[PDB]
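# model this:
(chains A, B, C, D, E, F, G and H)
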Amino acid sequence: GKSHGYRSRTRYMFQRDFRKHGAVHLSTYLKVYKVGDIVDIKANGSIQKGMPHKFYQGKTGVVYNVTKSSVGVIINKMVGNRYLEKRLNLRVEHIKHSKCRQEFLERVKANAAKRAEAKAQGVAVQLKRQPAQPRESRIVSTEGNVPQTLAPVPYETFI
Amino acid sequence: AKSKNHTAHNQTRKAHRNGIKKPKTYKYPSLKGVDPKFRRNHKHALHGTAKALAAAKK
Amino acid sequence: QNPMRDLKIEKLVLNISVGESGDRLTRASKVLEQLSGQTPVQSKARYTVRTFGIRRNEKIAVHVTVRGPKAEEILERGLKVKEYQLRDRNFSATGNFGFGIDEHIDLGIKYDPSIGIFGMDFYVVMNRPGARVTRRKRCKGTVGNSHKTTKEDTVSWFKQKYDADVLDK
Amino acid sequence: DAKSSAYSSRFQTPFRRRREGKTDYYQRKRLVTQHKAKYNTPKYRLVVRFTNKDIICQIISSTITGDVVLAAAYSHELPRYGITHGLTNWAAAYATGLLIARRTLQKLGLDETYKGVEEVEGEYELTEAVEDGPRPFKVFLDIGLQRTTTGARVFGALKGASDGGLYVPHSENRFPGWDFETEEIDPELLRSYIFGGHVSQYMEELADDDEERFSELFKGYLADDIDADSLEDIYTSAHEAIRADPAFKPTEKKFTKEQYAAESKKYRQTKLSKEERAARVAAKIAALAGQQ
Amino acid sequence: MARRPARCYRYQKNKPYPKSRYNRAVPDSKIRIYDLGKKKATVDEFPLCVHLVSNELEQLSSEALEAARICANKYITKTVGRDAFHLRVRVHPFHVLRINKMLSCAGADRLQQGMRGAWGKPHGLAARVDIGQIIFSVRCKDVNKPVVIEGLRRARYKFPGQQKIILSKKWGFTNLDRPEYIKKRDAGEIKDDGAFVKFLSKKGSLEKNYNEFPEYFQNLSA
RNA sequence: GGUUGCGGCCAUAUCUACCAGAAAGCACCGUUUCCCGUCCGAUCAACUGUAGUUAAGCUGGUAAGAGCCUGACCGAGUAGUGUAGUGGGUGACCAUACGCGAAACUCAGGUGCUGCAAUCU
RNA sequence: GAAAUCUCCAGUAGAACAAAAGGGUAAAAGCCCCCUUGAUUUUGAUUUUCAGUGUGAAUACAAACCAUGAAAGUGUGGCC
RNA sequence: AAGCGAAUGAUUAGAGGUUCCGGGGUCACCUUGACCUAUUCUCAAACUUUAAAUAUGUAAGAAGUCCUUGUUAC
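Numbering: from 1, shown residues only, chains lettered A, B, ... in the order given. Next up is the structure itself:
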């Protein structure tokens, strides 16, 4: 028959990276997780208690609960035509701080700095992130750089 | 006799017809499954905050 | 030179590999205890073969290890069985050396009836000060290449000591 | 011997502090971990390390960047307080545990309460929380790799900290004099160990047995001409002083760090740069191939 | 039970299915010898190299490899001698072909269930070849280029697909062209290793390099 | 700057061979009444820094060193791939168009940094 | 004696972990030893199978009482 | 995809190195039985260091940022 066990097709998902086996580096146990923090679940195969299901590997969600050695993470799962709120009780070494969040935080601090600076001088600071605009005009000089010609190579078998 | 056993054809097209909608979260999400020791206190914190506010609000 | 780098006895291990277990092993145990002044331990067979009459946990051998002056005195008191004269082999690629004998009961202690007569193997463990560095619990390390013992180093210690000589073939 | 490239390529080295063998990381996980509902509270560790000729005690709290020290007591600082020789014995380990214990209690301003034991009868008494007051400062004994045994120095520092008013969790199974025929630790025997009782009787026994060992060892006691029965007096003189001024007066620290850096710099080898390395390979090639 | 025509297994329709601990009852390959001629020649003896290269992505049966191997070797050996060349079969038949055997007797429908349980039993071995992948390599002297051309243009007839004969610029079976190989071998950088050569590395322990290529360092001091 | 105690990242730190180390520490080292453990005070436990030693550990340097790390307009825009065509070809497959884009290889460099506390000619 | 027992050296795991395979594990999750019964109670929350039903299995807790440890901790059956 | 002068499994060839766990030819005798070292060819759905493209999770704020002090039996 067909097997749909709790850890099917995890032959590689619950590996330990090359020359990264063994004990977990301790900083993960020293990270601090507050309710509302956005974390992502890279399951660590070394320790098998409180493991996430293979679906949640690489999934990101807010932390709704903080426990003795685990946290409660709310992940959203696509179940048919709608999403469901899944709540996970994960050991603290299966998760890590998403750095996408803190990047937004640092911009937020920057925007407040740019606003407070704009208070005195420099109105219209344009806090918006612009997309990569097309490059404006320029002058390309030719000193030491007379354009060397190029012609397609003849075909040799090379082998 | 024999037929198709499983097919995911048109399942994604069906799913999006009425859209795939997020669960439209809320301020104050439900406090279920969170630690009973935490919640047992969060009540008393809210009880005190209301009494302090009402005393301030006369 | 250096008094620390001086080569010294570490321990002598004294094993009897016996086919069976029982009153033979009880007598073989208490000949080693009266030999070295300390009881030996019965090493057990880790595999069965049906050709040696051995089962697991059978305790088919007794060996004891001795260190210090008592080990010192027992060493020459066995090499005189073959007269402090040994082989170019028997010297490991590490320095540790050993030999074999066949009797102790009437050798250096008073004989008594119901003791049995047993052969047995000497083996000398032979290193240099700083051997806690490889055995201490914390900061356990490895001896250096200059501090490693080797065959030609223990034979020289075997020449300067016991006024002995090698290669009697 | 001459390991294959493949082996040294697939080799996972352990953590550096396991490679040198100093740190047990299996235990450190369950020491420095914290109940996650205690978000940022440090879990202070009482690290007690017994090097030859010195004892190290230090209250350590773990951070992401590493470990920070609250206050560290060593056993080359007891001479300030009266204990001159035997800076490693069981009683001295008790002394330095008391030193760090009082040092932290006066550091955190809890010293006025939590006097530990004023009279020290060497009994198993934890520091009970004083009602209507801040709870006793709680530290956890991280022995390290030292094996736990009944009646050891590392647990001497524990008892010194417990008597110092500091709440170290423990039981009597490891304190010297623990009974196997009953659950009763021997008070007199452990009080002897606090005050050199295991040393004083040995000193006296060698005094009334011979003189060479009593002279080769214990010559420090013979150098200042003190008796084994005087050990209690000098140890109590230590204990009272530690209760008085545990403020950790440092040393004078002569020959300031600028000279210290300069002196060590002139003697330590330097790593050759690229060009001179090429010079020492281009010359080496000619010397090893010079009609050879 | 007879062999099926090669047209049935010509194309690379299935994933690689080698002999493995899953696949224990495989028949042995018909090609067993991959090097022929003076295979112990030094690399200086045979500077010329000519290749039989596939232009298609197909599967070559072990029997085809054997049959072409025989054909090329026999022709070259008869024309220029046994020791005038070194022929190397580059490709190895690791892919196991599977056969579902159908009964061809009257009333077979009763004894055989058609396509039910059709997992074929291991039938033979094949070599998966890609476009531009070398099938045969021959190293010889520049003299016998036409002879090995004919030998290689006589092995092709035994191969399915379209293969082309191309003479190569590399020195023998080495990865480096003629002029800079000669550059190294002139400057003592080359040591014979029976059928191939070792090259001096500008990297590694200087003592081992010195021991193994003394002539290079002597030429540097002259 | 050296060392130690605790560590962070966990080989730029590992591995092999050699060599060096002024002072301080570390270590080796010295002894079994008590605590304690083994067959053995080797381990472990206890005791003195007392007889010494850098021999070793440890630290640092050397290697056209292996390994590891980073980079390369090095391989290579290569393989592969998403999209498109009433493109090619009997087919197998290939080329093109708009995009993304390796890995091995070649070469170059490097070979631990740092936090807390204490200590050091 | 190939292979009985001992000693030393090398040994990134090439062993063992009850049983399939896969993953995990080196002062350990392996081997040897000491102590036990958490393989307990009250229910609830959650993940997988999913209708987000059940069953099964599992995860994190809480309130207890215990075990063990010197402690941190670990333990609500078997490393997954 | 790539990779086996990287692990595991396979694999072709040649070259260099032996214990009294056999020279099979004169008791340690030039004497073919190995494995190891370095190369070489070709591979792998149930091999892999590395590793795409596509598909994929989150975030891009007023339910947010910052300052101050209030409740809790945590």
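# any idea which helix or strand carries the residue in chain B positioned nearest to RNA strand G?
Nearest residue of chain B to RNA strand G: residue B:33, at 2.7 Å (Cβ to the nearest atom of the strand). (Each C-beta comes from the backbone N, C-alpha and C, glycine too.) Using DSSP states H and E, residue B:33 maps to neither a helix nor a strand.
# do you know how far it is from chain E?
For residue B:33, the distance to chain E equals 45 Å [Cβ to the nearest Cβ, to the nearest Å].
# list the contacts for that residue?
Neighbouring residues of residue B:33 by Cβ atoms under 8 Å, 6 or more residues apart in numbering or on different chains: A:64, A:65, A:72, A:87.
# show the buried residues in the residues you listed.
A:64, A:65, A:72 (16 or more other Cβ atoms under 10 Å in any protein chain shown).
# check the offset of the helix or strand harbouring the second one from the chain's centre.
Residue A:65 is part of strand A:59-66, with elements assigned from DSSP H and E. The offset between the C-alpha centroid of strand A:59-66 and the centroid of the whole chain comes to 14 Å, using Cα atoms, centre = their mean, to the nearest Å.
# direction included, what does it pair up with?
strand A:38-41 (antiparallel), strand A:70-79 (antiparallel) (DSSP bridges).
# contacting residues around that strand?
A:33-41, A:52, A:71-76, A:87-89, A:98, A:100, B:29, B:33-35, B:38, D:36-37, D:39.
# on that earlier part again, for the contacts of residue B:33, which one is nearest residue D:175?
The nearest member of the contacts of residue B:33 to residue D:175, counting by Cβ to Cβ, is residue A:65 at 41.3 Å.
# which residues touch residue 7?
Just going to use chain A. Residues near residue A:7 by Cβ under 8 Å, 6+ apart: A:14, A:51, A:54.
# hmm, no, I was thinking of chain E.
residue E:160.
# would you say it is within a helix?
Yes: under DSSP: H, G, I helix; E, B strand; the rest coil, residue E:7 sits within a helix.
# any idea how far it is from residue D:106?
With distances taken as Cβ to Cβ, to the nearest Å, residue E:7 is found 95 Å from residue D:106.
# tell me where chain A has helices.
A:27-30, A:99-120 (DSSP state H).
# can you name the element that comes right after the host helix or strand of residue E:166?
Assigned by DSSP H and E, residue E:166 belongs to strand E:163-167. Once the chain leaves strand E:163-167, the next helix or strand it forms, by DSSP H and E, is helix E:178-186.
# can that following helix be said to contact RNA strand F?
No: against RNA strand F, helix E:178-186 shows no contacts by Cβ under 7 Å from any atom of the strand, the least distance being 11.8 Å.
# adjacent strands (with direction) for the helix or strand just after that helix?
Toward the C-terminus, helix E:178-186 is succeeded by strand E:190-192 as the next helix or strand (DSSP H and E). Partners of strand E:190-192 in the sheet, by DSSP bridges, are strand E:197-199 (antiparallel).
# how close does residue E:1 sit to residue E:102?
Distance, residue E:1 to residue E:102, using Cβ to Cβ: 11 Å.
# those two: which has the busier surroundings?
residue E:102 (10 against 6; other Cβ atoms under 10 Å in any protein chain shown).
# what are the ranges of the strands in chain E?
Secondary structure of chain E (DSSP state E): strands at E:35-37, E:48-54, E:58-61, E:85-89, E:95-99, E:121-129, E:134-140, E:163-167, E:190-192, E:197-199.
# in JSON lines, list those along with distance to residue D:117 and mean neighbour count.
Rendered in JSON lines, the data for the strands of chain E read as follows (distance: least, Cβ to Cβ, whole Å; neighbours: other Cβ atoms under 10 Å in any protein chain shown):
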{"stretch": "strand E:35-37", "distance to residue D:117": "89", "mean neighbour count": "18"}
{"stretch": "strand E:48-54", "distance to residue D:117": "91", "mean neighbour count": "22"}
{"stretch": "strand E:58-61", "distance to residue D:117": "88", "mean neighbour count": "24"}
{"stretch": "strand E:85-89", "distance to residue D:117": "89", "mean neighbour count": "24"}
{"stretch": "strand E:95-99", "distance to residue D:117": "82", "mean neighbour count": "19"}
{"stretch": "strand E:121-129", "distance to residue D:117": "83", "mean neighbour count": "21"}
{"stretch": "strand E:134-140", "distance to residue D:117": "87", "mean neighbour count": "24"}
{"stretch": "strand E:163-167", "distance to residue D:117": "95", "mean neighbour count": "17"}
{"stretch": "strand E:190-192", "distance to residue D:117": "81", "mean neighbour count": "17"}
{"stretch": "strand E:197-199", "distance to residue D:117": "78", "mean neighbour count": "16"}
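# neighbour-wise, which one of the contacts of residue A:7 leads?
The most crowded member of the contacts of residue A:7, judged by other Cβ under 10 Å, is residue A:51 (21 neighbours).
# show me the contacts for it.
Counted by Cβ under 8 Å, 6+ apart, residue A:51 has contacts A:7, A:14, A:43, A:90, A:91, A:94.
# ditto for residue E:127
With Cβ under 8 Å, 6+ apart, residue E:127 has these contacts: E:59, E:60, E:62, E:65, E:91, E:92, E:93, E:94, E:95.
# now the first one: closest residue in space that isn't a chain neighbour?
Closest residue to residue E:59 apart from its sequence neighbours, by Cβ to Cβ, 6 or more residues apart in numbering or on different chains: residue E:126 at 4.0 Å.
# ok, that neighbour to RNA strand G distance?
Distance of residue E:126 to RNA strand G, given as Cβ to the nearest atom of the strand, to the nearest Å: 26 Å.
# that residue and residue E:97 touch, don't they?
Yes: counting by Cβ atoms under 8 Å, residue E:126 touches residue E:97, with 5.4 Å between them.
# quickly list what's touching both of the two.
E:9, E:59, E:61.
# what residues does the stretch 1-150 of chain D have near RNA strand G?
D:1, D:3, D:7, D:10-14, D:18, D:21-27, D:30-31, D:33, D:35, D:43, D:140-143, D:145, D:148.
# buried ones among those?
Neighbour-count burial (16+ other Cβ under 10 Å) applied to those gives D:18, D:23, D:24, D:31, D:33, D:43, D:141, D:142, D:143.
# residues touching whichever residue of the stretch 101-250 of chain D sits closest to chain C, list them.
Of all residues in the stretch 101-250 of chain D, residue D:145 sits closest to chain C, at 4.4 Å by Cβ to the nearest Cβ. Counting by Cβ under 8 Å, 6+ apart, residue D:145 touches C:137, C:138, D:21, D:22, D:24.
# how about the nearest residue to the second one, chain neighbours excluded?
Read it as residue C:138. residue D:145 (4.4 Å).
# please apply the same query to the last one.
The spatial neighbour of residue D:24 that comes closest, neighbours along the chain excluded (Cβ to Cβ, 6+ apart), is residue D:145 at 5.4 Å.
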